[PDB]
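This report concerns only the one structure given below.
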Amino acid sequence: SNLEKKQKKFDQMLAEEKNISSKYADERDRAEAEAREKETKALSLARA
Amino acid sequence: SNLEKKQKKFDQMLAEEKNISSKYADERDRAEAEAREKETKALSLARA
Amino acid sequence: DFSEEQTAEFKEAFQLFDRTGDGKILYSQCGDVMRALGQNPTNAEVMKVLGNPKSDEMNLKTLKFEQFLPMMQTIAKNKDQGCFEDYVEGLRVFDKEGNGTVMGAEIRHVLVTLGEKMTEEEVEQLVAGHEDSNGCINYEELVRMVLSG
Amino acid sequence: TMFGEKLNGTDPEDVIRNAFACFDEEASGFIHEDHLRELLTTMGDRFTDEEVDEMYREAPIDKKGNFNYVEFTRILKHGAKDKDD
Amino acid sequence: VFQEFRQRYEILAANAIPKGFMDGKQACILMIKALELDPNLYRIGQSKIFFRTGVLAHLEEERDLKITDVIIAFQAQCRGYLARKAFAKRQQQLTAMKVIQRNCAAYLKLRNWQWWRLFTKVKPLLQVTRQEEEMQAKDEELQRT
Amino acid sequence: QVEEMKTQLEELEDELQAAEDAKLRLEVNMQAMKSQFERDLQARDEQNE
Amino acid sequence: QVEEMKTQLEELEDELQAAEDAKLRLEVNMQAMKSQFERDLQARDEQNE
């Protein structure tokens, strides 16, 4: 029964953790992007 | 039966692990940016 | 990056850690020197630095001073910065009577219950630096001392 | 002056004695041969252990590996000499 | 023991429960409802509460789970401090010792036979220094008297 | 002029070498005598013990 | 060469003020030695107390 109460609170954690993990994916994709443009512009100006 | 429902929750664990795989792709992208930054450091020494 | 003063500091550390050849740098050596040169966070940065959990060859763990410089920057972006309020609350929870009557045994116990542990001579060495009596400190003096480097 | 050009980068016995007291706390002058070579040849200004061996084939080292320094300091200075004519 | 019970268990979950006020049975009841465990797993008392075998097997590891971040951070600070101290002491000692002493050793060993003969006519130096040495030693033995 | 400037070269280099070396080794002696003083401290400590 | 040795002379002057800085460090070191002398005296008086 305490595993069942763990089950319901774990389902709420399922929802919230899906949301937060999607947020982590989004923010890390934005970071990887902005980094990519940073090194592209740096290397382009450097090679020129 | 409720443990089989827990196994469905573990399928949602698999879903969040797919999200973590997205973070893993971000990890390769940031590692590539890191290596390109090392190249940029050597390049900047050459510029100096 | 800053001026060439930090590059000069890294160069003099490079010639300082010149054992078994000045040119090559061991990741253990670079980690030690970067930690001591004012960067506390070193625990889990091995994966964030190498990109490979490979930690099998002690003799040849390749690193060069050239790529060493951006490594210092991407570490020094200060990925984590804690402050003593969390530390003192954790210790006062760990504390028993609110004053620290005899703290010597239980601190050793709590440090040997952690999986990621490396040294015992440091555990016996911590007695130096005002930590002399039978756990006389209520941890404020030792927190102040450790937060001075 | 032709002796003057022969003296440079050296100091009297006091500083060498103090340094030898510093490096090992016991100050007994038990400079073990492995410890001696590790502390001398390895770190600092890199130089060859083969030329370091002149400190071994000539200077009298104490037995069982340890190397006394007070007699070494005296012979380095004018206080003592290995032999006489 | 009641005090031991607080020091061992309430350290896990004390926040979100009113605190400060002290009472023998009442504080124990508040802690029990904070744990919301089975009354069948223990029996109340006036001095000590007697539990069964399996209660301790699911409460200790929560402390391990929670205090983990704090101990990681604290040991990181300790390792940093140790590294700084040892590194600085090391480096200063090696600089002083090795620089000075290798310089002196090289200077003497090159000149050990670069001018060996002129270093061997230093025999009369002991004979001529005897007056000054005797006067000095007289001074220090006078102060030791 | 070149004679006098290299005269200051030799003079200042010799004086700086001597002074800095004596200073660093004197701080080494500072630590050493502090260590002997603290050994005397533990000697009085064991007498009290 | 005239301005070359002028620049070298200016550099020598700069290292000259570096030499007086080393001298100033000499005096601060000596006063530090005496200072820790009375600190040790006070410490031994404390153990006597």
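Residue numbers (the UniProt record's numbering), protein chains in the order written: chain X, 1450 to 1497; chain L, 1450 to 1497; chain F, 3 to 151; chain U, 88 to 172; chain B, 726 to 870; chain V, 1546 to 1594; chain E, 1546 to 1594. Virtual Cβ for every residue (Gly too), placed ideally from N, Cα, C.
By DSSP's assignment, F776/B forms a beta bridge with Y767/B. By the rule that beta-carbons nearer than 8 Å mark a contact, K1454/X does not touch chain L.
In this structure, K1579/V sits away from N1574/E, with a CB-CB distance that is not shorter than 8 Å. Collapsing the DSSP output to three states places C32/F in a helix. In this structure, the beta-carbon distance from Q816/B to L18/F falls below 8 Å. With a threshold of 8 Å between beta carbons, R1589/V makes no contact with chain U. In the DSSP assignment, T1552/E falls within the unbroken alpha helix (DSSP H) covering 1547–1593. For a cut-off of 8 Å, the C-beta gap from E1465/L to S1470/X is around 5 Å, short enough to register as a contact.
If you check each beta-carbon in the stretch 1550–1573 of chain V against every beta-carbon of chain B, the ones closer than 9 Å belong to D1566, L1569, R1570, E1572, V1573. Under the three-pair Cβ rule at 8 Å, the stretch 151–164 of chain U does not count as touching the stretch 857–867 of chain B. Below the 7 Å Cβ cutoff, chain B contributes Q816 as neighbours of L18/F, in chain order. Taking the Cα of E729/B as reference, the smallest distance to any Cα among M756/B, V824/B, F812/B, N740/B is reached at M756/B.
Note that the C-beta distance between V95/F and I742/B is not below 8 Å.
Taking 8 Å as the threshold, the shortest C-beta distance from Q1592/E to chain V falls below it. Chain-ordered, the chain V residues with CB closer than 7 Å to the CB of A821/B read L1569, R1570, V1573. Not a single C-beta of chain L is nearer than 8 Å to the C-beta of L28/F. Counting C-beta atoms within 10 angstroms of its own C-beta, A106/U has 16 or more neighbours from the protein chains shown and is therefore classed as buried.
Chain-order list of chain F residues neighbouring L807/B: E124, by C-beta distance under 7 Å. Think of a sphere of 7 Å around the beta carbon of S1471/L: the chain X residues whose beta carbon falls inside it are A1474, in chain order. By the CB criterion at 8 Å, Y832/B and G96/U fall inside the cutoff.
Note on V148/F: 16 or more other CB atoms within 10 angstroms of its CB, so buried under the neighbour-count rule.
For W841/B, the uninterrupted alpha helix (DSSP H) segment begins and ends at 841–845. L1492/L is outside the set of residues whose beta carbon lies under 8 Å from a beta carbon in chain F. Taking a C-beta cut-off of 7 Å against chain L, the contacting residues of the stretch 73–103 of chain F are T76, listed in chain order. Nearest neighbour of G91/U by Cα position, chosen from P849/B, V853/B, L851/B, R836/B, turns out to be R836/B.
Identification of residues in the stretch 1476–1488 of chain L having a C-beta nearer than 7 Å to some C-beta of chain F yields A1480, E1483, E1486, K1487, given in sequence order. Interface criterion met: the Cβ of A108/U is under 8 Å from a Cβ in chain V.
Two segments are said to touch when three or more pairs of C-beta atoms, one from each, lie closer than 8 Å; by this definition the stretch 797–811 of chain B touches the stretch 35–44 of chain F. Look at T44/F here: in three-state DSSP terms it is coil, with no helix or strand label. When only Cα atoms are considered, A738/B and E1476/X end up about 33 Å apart.
Excluding residues up to 5 positions away in sequence, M36, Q41, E47 lie with their Cβ nearer than 7 Å to the Cβ of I77/F in the same chain. Contact between the stretch 103–119 of chain F and the stretch 48–63 of chain F is absent: fewer than three C-beta pairs spanning the two stretches fall below 8 Å. About 12 Å separates the CB atoms of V104/F and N140/F; that is not less than 8 Å, and the two are not in contact. The CB of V853/B never comes closer than 8 Å to any CB in chain U; the least such distance is about 12 Å. Remark: C-beta atoms of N1468/L and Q1456/X do not approach each other more closely than 8 Å. The residue from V726/B, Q856/B, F727/B, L760/B with its alpha-carbon nearest to that of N740/B is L760/B.
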